[PDB]
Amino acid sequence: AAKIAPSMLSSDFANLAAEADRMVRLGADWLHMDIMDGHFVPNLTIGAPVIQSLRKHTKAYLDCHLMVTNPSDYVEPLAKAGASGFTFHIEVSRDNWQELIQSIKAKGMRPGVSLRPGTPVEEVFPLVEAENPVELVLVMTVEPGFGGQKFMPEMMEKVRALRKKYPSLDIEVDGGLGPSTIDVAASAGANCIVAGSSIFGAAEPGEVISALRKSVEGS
């Protein structure tokens, strides 16, 4: 099923609760929260304290993407904060992804795994096929760290490979998604769409959300 998730990194961080309400009001399915620690990626955004404050104001699904070096140390804080989805990077969980997925699920959060552009898609197959698997795979379509970057079409091959092997798996894409890039992504098989500037910078955000949904549903 299609899930449109505005990237709050592109919203007014100073009026988060209002922005969250506005997005839900405009049709958003989830709110994508980019958590960066300045180490895994060269940018620092928000952490669990922000998620906790936001949860007090909304019941919306908070899709948290951990671009941090030590995701295991965020499981407890984010679960307490009220995170709904917890997506970690495959590049920093090579020795403990099994326990990490289990620890996330134990806390009632939906486990997901993300991969940077340079990481071969085959690396996440074991995580999708595990006894306790990830329930979402996030294919980054730009090098993670900043919004406003150029969509990388070559990443659609990863989306396609995943959709072919796993027809019911939630496949998310993040990086340059918007009206001009949604069709190729929807055709490739992506059903969860993270978009920032294309939604918040639009004259009609609600129309953009609907257009993204329609493209996915059309595929």
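Quick note: we count residues from 1 along the sequence shown, nothing fancier.
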Checklist entry - Per the entry, where is the mean C-alpha temperature factor higher: 57 to 65 or 31 to 39? => result 57 to 65
Checklist outcome for this item: Quick note on 69 to 77 and 129 to 137: per-entry mean CA temperature factor is higher in 129 to 137
Checklist outcome for this item: Split the chain's modelled residues into thirds by Cα B-factor; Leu26 lands in the highest
Checklist entry - Split the chain's modelled residues into thirds by Cα B-factor; is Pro144 in the lowest, middle or highest one? => result highest
Checklist outcome for this item: Quick tally, chain-level thirds of C-alpha B-factors: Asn191 sits in the middle
Next on the checklist: Using the temperature factors of the C-alpha atoms in this entry, rank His89 within its chain: lowest, middle or highest third.
Outcome noted: lowest
Next on the checklist: Taking only the Cα B-factors deposited for this chain, tell me whether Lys107 sits in the lowest, middle or highest third.
Outcome noted: highest
